[PDB]
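Student: The structure file upload19.txt (compact mmCIF, C-alpha atoms and all ligand atoms) is provided below.
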```txt
# COMPACT_ATOMS: atom_id res chain seq x y z
CA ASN H 701 5.53 9.73 25.81
CA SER H 702 3.26 12.02 23.74
CA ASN H 703 -0.45 12.03 24.76
CA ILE H 704 -1.72 12.11 21.16
CA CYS H 705 -1.40 9.60 18.22
CA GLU H 706 1.52 10.54 16.01
CA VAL H 707 -0.52 9.72 12.86
CA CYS H 708 -4.03 11.28 13.45
CA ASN H 709 -3.17 13.65 16.30
CA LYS H 710 -6.08 12.51 18.54
CA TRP H 711 -6.05 11.05 22.02
CA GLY H 712 -7.53 7.72 22.84
CA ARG H 713 -6.25 4.18 23.51
CA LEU H 714 -2.54 4.84 22.77
CA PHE H 715 0.45 2.45 22.68
CA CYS H 716 3.71 4.06 23.59
CA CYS H 717 7.03 3.43 21.93
CA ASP H 718 9.75 2.24 24.35
CA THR H 719 12.60 3.83 22.46
CA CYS H 720 11.12 7.17 21.55
CA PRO H 721 8.35 9.44 22.89
CA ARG H 722 5.85 8.75 20.11
CA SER H 723 2.48 7.15 20.68
CA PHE H 724 -0.10 5.36 18.41
CA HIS H 725 -3.50 4.12 18.01
CA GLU H 726 -3.38 0.42 17.35
CA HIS H 727 -4.49 0.61 13.67
CA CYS H 728 -2.84 3.98 13.03
CA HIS H 729 0.61 2.38 13.37
CA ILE H 730 1.67 0.32 10.36
CA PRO H 731 2.03 -2.53 10.83
CA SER H 732 -0.83 -2.59 13.54
CA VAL H 733 0.73 -2.36 17.01
CA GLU H 734 2.00 -5.83 17.91
CA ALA H 735 0.11 -7.88 20.66
CA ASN H 736 2.94 -8.61 23.07
CA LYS H 737 6.59 -7.40 22.55
CA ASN H 738 8.11 -5.75 25.64
CA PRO H 739 9.90 -3.57 24.95
CA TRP H 740 8.16 -2.32 21.73
CA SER H 741 9.79 -0.09 19.16
CA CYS H 742 7.65 2.00 16.67
CA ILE H 743 8.26 2.04 12.92
CA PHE H 744 10.16 5.35 13.22
CA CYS H 745 12.61 3.69 15.55
CA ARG H 746 12.92 0.55 13.36
CA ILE H 747 13.70 2.68 10.31
CA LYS H 748 16.34 4.68 12.25
CA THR H 749 17.95 1.36 13.27
CA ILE H 750 18.33 0.24 9.60
CA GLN H 751 20.04 3.50 8.85
CA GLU H 752 22.35 3.20 11.88
CA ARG H 753 23.33 -0.37 11.07
CA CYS H 754 24.17 0.56 7.46
CA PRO H 755 25.17 4.22 7.20
CA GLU H 756 25.91 3.85 3.47
CA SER H 757 22.21 3.11 2.94
CA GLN H 758 21.78 6.90 2.96
CA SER H 759 23.94 7.46 -0.07
CA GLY H 760 21.96 8.50 -3.21
CA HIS H 761 20.15 5.87 -5.24
CA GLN H 762 18.46 5.81 -8.63
CA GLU H 763 14.67 5.46 -8.53
CA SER H 764 14.79 2.76 -11.20
CA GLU H 765 17.00 0.59 -9.04
CA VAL H 766 14.83 1.15 -5.92
CA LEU H 767 11.64 0.19 -7.78
CA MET H 768 13.13 -3.15 -8.87
CA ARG H 769 14.02 -4.23 -5.43
CA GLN H 770 12.30 -7.29 -4.12
CA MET H 771 10.13 -6.86 -1.05
CA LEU H 772 12.46 -8.40 1.49
CA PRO H 773 11.82 -7.43 5.16
CA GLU H 774 13.69 -4.09 5.08
CA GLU H 775 11.91 -2.94 1.87
CA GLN H 776 8.56 -4.10 3.30
CA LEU H 777 9.22 -1.98 6.32
CA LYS H 778 10.26 1.02 4.28
CA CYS H 779 6.99 0.84 2.26
CA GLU H 780 4.94 0.51 5.43
CA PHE H 781 6.68 3.63 6.82
CA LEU H 782 6.11 5.56 3.56
CA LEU H 783 2.41 4.60 3.67
CA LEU H 784 2.23 5.74 7.28
CA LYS H 785 3.83 9.10 6.39
CA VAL H 786 0.97 9.68 3.94
CA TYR H 787 -1.65 8.87 6.60
CA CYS H 788 0.10 11.39 8.84
CA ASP H 789 -1.24 14.20 6.65
CA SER H 790 -4.82 15.05 7.42
CA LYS H 791 -5.61 15.37 3.73
CA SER H 792 -5.15 11.58 3.42
CA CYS H 793 -8.73 11.26 4.49
CA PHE H 794 -9.87 11.92 0.96
CA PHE H 795 -7.84 8.94 -0.33
CA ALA H 796 -8.29 6.44 2.56
CA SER H 797 -11.47 4.61 1.79
CA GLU H 798 -13.02 3.21 -1.38
CA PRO H 799 -14.08 6.00 -3.76
CA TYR H 800 -17.09 6.26 -6.05
CA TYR H 801 -17.47 8.23 -9.23
CA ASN H 802 -20.67 10.05 -10.37
CA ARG H 803 -19.89 13.51 -11.72
CA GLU H 804 -21.38 15.07 -14.83
CA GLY H 805 -18.75 15.17 -17.58
CA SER H 806 -16.35 12.63 -16.04
CA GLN H 807 -16.00 8.91 -16.11
CA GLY H 808 -14.47 6.94 -13.19
CA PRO H 809 -11.08 5.36 -13.44
CA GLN H 810 -10.53 1.93 -14.88
CA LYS H 811 -8.59 0.83 -11.83
CA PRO H 812 -9.75 2.49 -8.60
CA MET H 813 -7.23 2.62 -5.79
CA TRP H 814 -7.19 3.89 -2.21
CA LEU H 815 -4.92 3.91 0.86
CA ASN H 816 -6.71 1.25 2.86
CA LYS H 817 -6.49 -1.08 -0.14
CA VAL H 818 -2.68 -0.50 -0.31
CA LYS H 819 -2.53 -1.07 3.45
CA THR H 820 -4.32 -4.43 3.13
CA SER H 821 -2.09 -5.37 0.18
CA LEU H 822 1.06 -4.71 2.27
CA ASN H 823 -0.35 -6.64 5.21
CA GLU H 824 -1.18 -9.61 2.94
CA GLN H 825 2.37 -9.52 1.33
CA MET H 826 0.81 -8.97 -2.16
CA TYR H 827 3.67 -6.86 -3.49
CA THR H 828 6.79 -8.73 -4.65
CA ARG H 829 8.75 -5.57 -5.64
CA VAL H 830 8.83 -1.93 -4.41
CA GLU H 831 7.55 -1.00 -7.86
CA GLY H 832 4.09 -2.62 -7.10
CA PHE H 833 3.58 -0.51 -4.02
CA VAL H 834 4.78 2.71 -5.64
CA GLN H 835 2.64 2.16 -8.74
CA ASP H 836 -0.54 1.72 -6.66
CA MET H 837 0.31 4.82 -4.54
CA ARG H 838 0.90 6.99 -7.63
CA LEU H 839 -2.32 5.59 -9.21
CA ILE H 840 -4.36 7.00 -6.33
CA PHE H 841 -3.34 10.55 -7.20
CA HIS H 842 -3.37 10.08 -10.98
CA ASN H 843 -7.00 8.76 -10.85
CA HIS H 844 -7.99 11.78 -8.77
CA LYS H 845 -6.42 14.30 -11.16
CA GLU H 846 -8.00 12.75 -14.18
CA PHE H 847 -11.51 12.45 -12.65
CA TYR H 848 -11.73 15.96 -11.14
CA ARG H 849 -10.44 17.69 -14.32
CA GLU H 850 -10.65 21.43 -13.82
CA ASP H 851 -12.40 21.35 -10.48
CA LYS H 852 -10.16 22.99 -7.87
CA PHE H 853 -10.54 19.80 -5.80
CA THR H 854 -7.88 18.34 -8.13
CA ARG H 855 -5.38 20.18 -5.95
CA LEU H 856 -5.88 17.77 -3.07
CA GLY H 857 -4.31 15.02 -5.24
CA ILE H 858 -1.31 17.23 -6.04
CA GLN H 859 -0.84 18.02 -2.38
CA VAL H 860 -0.95 14.52 -1.05
CA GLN H 861 1.18 13.24 -3.96
CA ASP H 862 3.81 15.81 -3.02
CA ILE H 863 3.86 14.36 0.55
CA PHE H 864 4.23 10.87 -0.90
CA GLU H 865 7.03 11.85 -3.29
CA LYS H 866 9.10 13.85 -0.71
CA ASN H 867 8.84 10.93 1.72
CA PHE H 868 9.70 8.40 -0.99
CA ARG H 869 12.89 10.36 -1.80
CA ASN H 870 13.81 10.56 1.90
CA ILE H 871 13.07 7.00 2.95
CA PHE H 872 14.67 5.32 -0.04
CA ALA H 873 17.57 7.87 -0.17
CA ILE H 874 16.91 8.86 -3.77
CA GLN H 875 19.86 10.88 -5.27
CA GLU H 876 19.12 14.57 -5.02
CA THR H 877 18.78 16.39 -8.38
CA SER H 878 17.84 19.83 -9.77
ZN ZN H 901 -4.36 7.65 15.50
ZN ZN H 902 9.72 4.95 18.47
ZN ZN H 903 26.64 -1.54 6.18
```
In structure tokens, write the structure found in this file.
Tutor:
Amino acid sequence: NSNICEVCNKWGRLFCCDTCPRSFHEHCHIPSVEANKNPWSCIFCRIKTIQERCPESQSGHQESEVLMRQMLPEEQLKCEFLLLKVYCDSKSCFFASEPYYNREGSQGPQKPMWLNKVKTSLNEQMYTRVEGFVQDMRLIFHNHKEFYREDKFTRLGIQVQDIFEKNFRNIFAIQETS
């Protein structure tokens, strides 16, 4: 197994996957690494299993159909994995915890949103459709772009949104387009 967390790239108290060489901090894995379970399989491995069981699941889909899906166990897992892929980028730090807004010439968003809030909402089964999760994720970056206006720091929202969107297309097998 790797000697660093797959998500934050630090050593520490690491749990090792039994079916692949990845390792995790307890609360870096999503869901949080399970108490017992021998053997244990990481989220990467669980996602690969879904694909292998249903190879047609990789055929292209329309985004509108994906968003309307109910959050049954496989869609729950896919959203947890997508969230974890965002935390894998170091730039997620800017979006992880609760923000506050006090900048001359800007007003804070009407509906603040952050990654740890989406993480809690997934854990608490607060989303009934994929659309709820995706809307809160896109709201993070939209709030950031609107608040930071012409400051170059706006770019951090474009960067981490691009990681979200590429992973969304991959994980939910969105039909490739020009
Ligand atoms: Zn970690
Ligand atoms: Zn694994
Ligand atoms: Zn099948």
Student: Enumerate residues in contact with ligand ZN 902 (chain H): an atom-to-atom distance of at most 6 Å, counting all atoms listed in the file. Format the result as a VMD selection string.
Tutor: chain H and resid 717 719 to 720 722 741 to 742 744 to 745
Student: Hey, what's within 9 Å of residue 760 of chain H if we count only C-alpha atoms and toss same-chain stuff fewer than 2 positions away? As a list in words, please?
Tutor: residues 757, 758, 762, 872, 873, 874, 875 and 876 of chain H
Student: Quick one, how far is atom CA of residue 798 of chain H from atom CA of residue 763 of chain H?
Tutor: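 Atom CA of residue 798 of chain H sits 28.7 Å away from atom CA of residue 763 of chain H.
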Student: Which residues sit within 10 Å of ligand ZN 901 (chain H), counting all atoms listed in the file, listed as a tab-separated table (two decimals) with C-alpha atoms, keeping the file's coordinate frame?
Tutor:
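That gives us result_3.tsv:
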```
chain	number	residue	atom	x	y	z
H	704	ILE	CA	-1.72	12.11	21.16
H	705	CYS	CA	-1.40	9.60	18.22
H	706	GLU	CA	1.52	10.54	16.01
H	707	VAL	CA	-0.52	9.72	12.86
H	708	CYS	CA	-4.03	11.28	13.45
H	709	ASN	CA	-3.17	13.65	16.30
H	710	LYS	CA	-6.08	12.51	18.54
H	711	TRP	CA	-6.05	11.05	22.02
H	712	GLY	CA	-7.53	7.72	22.84
H	713	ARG	CA	-6.25	4.18	23.51
H	714	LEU	CA	-2.54	4.84	22.77
H	723	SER	CA	2.48	7.15	20.68
H	724	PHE	CA	-0.10	5.36	18.41
H	725	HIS	CA	-3.50	4.12	18.01
H	726	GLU	CA	-3.38	0.42	17.35
H	727	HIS	CA	-4.49	0.61	13.67
H	728	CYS	CA	-2.84	3.98	13.03
H	729	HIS	CA	0.61	2.38	13.37
H	787	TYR	CA	-1.65	8.87	6.60
H	788	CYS	CA	0.10	11.39	8.84
```
Student: Just want the residues within 10 Å of ligand ZN 903 (chain H), written as an mmCIF file with C-alpha atoms, in the coordinates of the input, counting only C-alpha atoms and all ligand atoms.
Tutor:
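To be explicit, this is the file written out as result39.cif:
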```cif
data_model
loop_
_atom_site.group_PDB
_atom_site.id
_atom_site.type_symbol
_atom_site.label_atom_id
_atom_site.label_comp_id
_atom_site.auth_asym_id
_atom_site.auth_seq_id
_atom_site.Cartn_x
_atom_site.Cartn_y
_atom_site.Cartn_z
ATOM 1 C CA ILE H 750 18.330 0.240 9.600
ATOM 2 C CA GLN H 751 20.040 3.500 8.850
ATOM 3 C CA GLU H 752 22.350 3.200 11.880
ATOM 4 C CA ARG H 753 23.330 -0.370 11.070
ATOM 5 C CA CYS H 754 24.170 0.560 7.460
ATOM 6 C CA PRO H 755 25.170 4.220 7.200
ATOM 7 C CA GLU H 756 25.910 3.850 3.470
ATOM 8 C CA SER H 757 22.210 3.110 2.940
#
```
Student: Write out as a list in words which residues come within 8 Å of residue 845 of chain H when counting all atoms listed in the file, dropping same-chain ones fewer than 2 positions away.
Tutor: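 Neighbouring residues, sequence-local ones excluded: residues 841, 842, 843, 847, 848, 849, 854, 855, 857 and 858 of chain H.
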Student: Select, from H:800, H:853, H:795, H:868, the residue with the minimum atom-to-atom distance to residue 831 of chain H, counting only C-alpha atoms.
Tutor: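 Answer, going by the shortest atom-to-atom distance: H:868.
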Student: Could you state the separation of atom CA of residue 793 of chain H and atom CA of residue 781 of chain H in Å, given to one decimal place?
Tutor: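 A separation of 17.4 Å between them.
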Student: Using atom CA of residue 721 of chain H and atom CA of residue 701 of chain H as the two end points, give the distance in Å to one decimal.
Tutor: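 Atom-to-atom, atom CA of residue 721 of chain H to atom CA of residue 701 of chain H, that is 4.1 Å.
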Student: Determine the nearest neighbour of residue 844 of chain H from the options H:779, H:818, H:813, H:826, counting only C-alpha atoms.
Tutor: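 Closest candidate: H:813.
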Student: Of the candidates H:836, H:796, H:878, H:732, which shows the shortest atom-to-atom distance to residue 816 of chain H, using all atoms listed in the file?
Tutor: H:796
Student: Here is a test: counting only C-alpha atoms, which residue of H:835, H:805, H:777, H:819 is nearest to residue 749 of chain H?
Tutor: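 That would be H:777, the residue with the smallest distance to residue 749 of chain H.
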